[PDB]
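The chain that follows stands alone, in the form deposited in one PDB entry, written as structure tokens.
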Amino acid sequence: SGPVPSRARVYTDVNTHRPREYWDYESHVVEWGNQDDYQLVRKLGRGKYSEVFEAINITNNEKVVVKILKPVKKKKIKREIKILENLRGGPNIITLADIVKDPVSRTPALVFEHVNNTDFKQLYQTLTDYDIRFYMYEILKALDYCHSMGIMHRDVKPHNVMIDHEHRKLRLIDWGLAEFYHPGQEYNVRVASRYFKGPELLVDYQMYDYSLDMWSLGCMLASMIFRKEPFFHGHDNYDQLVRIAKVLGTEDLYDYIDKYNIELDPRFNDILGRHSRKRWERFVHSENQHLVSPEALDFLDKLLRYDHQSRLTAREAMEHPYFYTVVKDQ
């Protein structure tokens, strides 16, 4: 026997109902724009497999951002392009304005809308309770939208949320790890950064779905309301699950593993041992108490569940009382 199958609880068949050109990114033909329209102004970042510049569109003198794509797996170029084009115009999704060939190496470069960003290591220190709720709701809007469009982001983390706090404007960026959800498909578990990897990634359960993004979101929320960054501070991939188990407890972990017939490494199983669940109240202290409320902890608790089928969907999350007043704000 093998692992038990799983299906997305919501939006399960969205891609099946669309024409195949929507999700068959390998068959996408790229419409290339005019590289001469853009001139690089300065370097903004040099992440993995990509370089990011501030640039100028000289046909309208619009400040834009150019990301030069250099993945090892070339199939991710069309993938990112197709996903950006399918989600274009959606709430809080970064806008792909153009695609051009870098005149140096003929490598693809994406042109994006420019956002007036403020770094999170400078921002999450000054956020009020209300601000945390408001921006979580904006992220949820983006996630419900991309999930409803058949797409899982798979790399939700602070650096991939651009915030113009002066205008209370938020954009979800870097769709280079995003994939289309197809029921029954097995996905790669190497996605996401360690601190934000869901337990399904950490136990090598490959038939995961949109709910992966809901675990990541939970990890961000916990780090903001408790002012512990990252909240689960694993030092390698096994330690990440150990740190999770020390908070959520091993009883629900072992029930999760049994439910889906997941094959755990025996020495790892021995290492996890037995840990009781810690009540969320243990993480409150005088320095973070102004960010904690009963509805915050209930919401957090309903995002950070081992069983991916048990986590709140983005829409259920948007209906949680934690956002009640925020919902009346717009």
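Only residues modelled in both forms are compared. Here the rigid core means the biggest group of C-alpha atoms that line up within 1.5 Å when the two forms are laid on top of each other. Don't overthink the numbering: it's just position in the shown sequence, from 1.
One more form of this protein, deposited with a partner chain bound, exists but is not displayed; see below.
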Notebook entry, point to check: Just one stretch in 76 to 84, 215 to 223, 137 to 145, 244 to 252 has heavy atoms within 4.5 Å of its partner chain in the deposited bound form, so which one is it?
Noted result: 76 to 84
Item checked: Interface membership of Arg267, its partner chain in the deposited bound form, 4.5 Å heavy atom rule -> yes
Note to self: I'd like to know if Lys197 sits close to its partner chain in the deposited bound form, meaning any non-hydrogen atom pair within 4.5 angstroms.
What the structure shows: yes
Notebook entry, point to check: Is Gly176 close enough to its partner chain in the deposited bound form to count, meaning some heavy atom within 4.5 Å?
Noted result: yes
Note to self: So in the deposited bound form, is its partner chain close enough to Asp164 to count as touching (4.5 Å, heavy atoms)?
What the structure shows: no
Item checked: Contact check for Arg46, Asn188 and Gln206 against its partner chain in the deposited bound form, heavy atom at 4.5 Å -> yes
Check: Of the residues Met149, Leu170, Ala192, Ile132, which one places a heavy atom within 4.5 Å of its partner chain in the deposited bound form?
Finding: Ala192
Margin query: To test your reading of the superposition: with the rigid core aligned, which of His285, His290, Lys278, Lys70 moves its Cα by 2 angstroms or more between this form and the one not shown?
Written below: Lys70
Checklist line | Core-aligned C-alpha movement of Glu138 between this form and the one not shown reaching 2 Å | finding: no
Note to self: Please state whether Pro103 has a C-alpha shift of 2 Å or more between this form and the one not shown, with the rigid core used for the fit.
What the structure shows: yes
Notebook entry, point to check: Are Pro71 and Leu143 closer or farther apart at their Cα atoms in the deposited bound form than shown, with the shift being 3 Å or more?
Noted result: farther
Note to self: Give me the residue ranges between this form and the one not shown where at least 3 consecutive Cα atoms each move 2 Å or more, fitting on the core only.
What the structure shows: 70 to 74, 102 to 105
